[PDB]
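Structure, as structure tokens:
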Ligand SMILES: [Cs+]
Ligand code: NA
Ligand code: NA
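Chains as they are written, first to last, in the entry's author numbering: chain U, 23 to 113; chain B, 23 to 113; chain Y, 23 to 113; chain F, 23 to 113.
Below is the structure:
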């Protein structure tokens, strides 16, 4: 479950990294950063796609990727960190 | 369900696209982009409504549209992509 | 329920409107706009508090107000718009 | 529960405050502010990490910290403010 969500999240971010570095001309690290803050809804106060292709892709990217990213964040906290933390709580 | 949420989401975005292009003078694609990043809470680091009418509308738009947009994103991931993905998981 | 959440949300936004217009010197409408986009997590790409008092207040404001605002948005969509929409669905 | 989530949230914010003030050179209050708006997804329309180290850390920080911060916000509203409010509702 967590493994699959992990892989799915990685593939989604790779796609965004490739798209923004190609179409919007961002350095790969910047394309990855933008992809991450966009899908987690944090957003960036500096960059917004400048091309119409970038704007359309971003719209579709958000709708398709938000659900996945938060499902992963969910399991990552309830199925990976909760126990690890809740474990020590045990005297 | 997904069909209705889809239509409802589309109508909400059309309303925002018309409003921002008219009152804030944005190009239609930019008005649609702003509407999408606003209702998904991603936000935009470049544009913020410049008119008081735009500010008031945006406030009301957020409160009324956020619930709908995320309900659609929810079903879109749990009722449309989960199975499609979870399907292959089956050897 | 919805009435109480409505009132509670209104009071929270009034407090933010008063604070930002006073300490950060924003026009009341701008203070209200900032309060709304902050608590809904949309954010603003133009304004960020400039004073340390404003930064500290915003931090506390977010933690205390986010829960309330989304609880209201929740009921507003499930207890006020869902039925109104789901009603017509009935032939 | 709320106590543990409180402590965990505090430690996470301390780590972000130390990181951004050191690597990105922000004043401690600004580093804390950025950490808070990033993990709550509000975001900042003015600052974005300028270093690659800052960008990578932020990506990891978001994925690991978002789950915790919202779990705390959740309990803080349902286990700390709901009753306090719901109490008076009682004639
Ligand atoms: Cs945001
Ligand atoms: Na958000
Ligand atoms: Na934002």
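Heads up, the beta-carbon is just placed ideally off N, CA and C, and yes, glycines get one too.
Kindly indicate if chain B contains any beta-carbon less than 8 Å away from that of residue i.
i: residue 103/Y; result: yes
i: residue 63/F; result: yes
i: residue 112/Y; result: no
i: residue 48/Y; result: no
i: residue 40/Y; result: no
i: residue 90/Y; result: no
i: residue 30/Y; result: no
Please tell me whether residue i and residue j are closer than 8 Å, where the distance is taken between their beta carbons.
i: residue 60/B; j: residue 64/Y; result: yes
i: residue 86/U; j: residue 55/B; result: no
i: residue 62/F; j: residue 84/Y; result: yes
i: residue 92/U; j: residue 67/B; result: no
i: residue 45/F; j: residue 75/F; result: yes
i: residue 26/F; j: residue 111/U; result: yes
i: residue 89/Y; j: residue 99/F; result: yes
Under three-state DSSP, which class holds residue i?
i: residue 125/B; result: The requested residue 125/B is not part of the displayed model; chain B covers only 23 to 113.
i: residue 72/U; result: coil
i: residue 52/B; result: helix
i: residue 45/F; result: helix
i: residue 60/F; result: helix
i: residue 65/B; result: coil
Answer yes or no: does any C-beta atom of chain F fall closer than 8 Å to that of residue i?
i: residue 67/B; result: yes
i: residue 77/Y; result: yes
i: residue 58/U; result: yes
i: residue 74/Y; result: yes
Whose C-beta lies closer than 7 Å to the C-beta of residue i among residues of the same chain, with five residues either side of it excluded?
i: residue 58/U; result: 35
i: residue 28/U; result: 94
i: residue 48/B; result: 42, 56
i: residue 77/F; result: 71
Can you find the residues in the same chain that come closer than 8 Å, C-beta to C-beta, to residue i, ignoring five residues on each side of it along the sequence?
i: residue 40/U; result: 53
i: residue 101/B; result: 23, 24
i: residue 97/Y; result: 23, 24, 27
i: residue 79/F; result: 41, 45, 71
May I ask whether a heavy atom of ligand 4 can be found less than 7 Å away from the beta carbon of residue i?
i: residue 44/Y; result: Judged by which ligands are present, ligand 4 is missing from the structure shown, whose ligands are ligand 1, ligand 2 and ligand 3.
Take residue i and list the residues in its own chain whose beta-carbon comes closer than 6 Å to its own, dropping the five residues that flank it on each side.
i: residue 43/F; result: 50, 53
Are the C-beta atoms of residue i and some chain U residue less than 8 Å apart?
i: residue 26/B; result: no
i: residue 115/B; result: Nothing can be reported for residue 115/B: it is not among the residues displayed for chain B, which extend from 23 to 113.
Less than 8 Å between CB atoms is the rule here; does residue i satisfy it with respect to chain Y?
i: residue 84/B; result: yes
i: residue 95/F; result: yes
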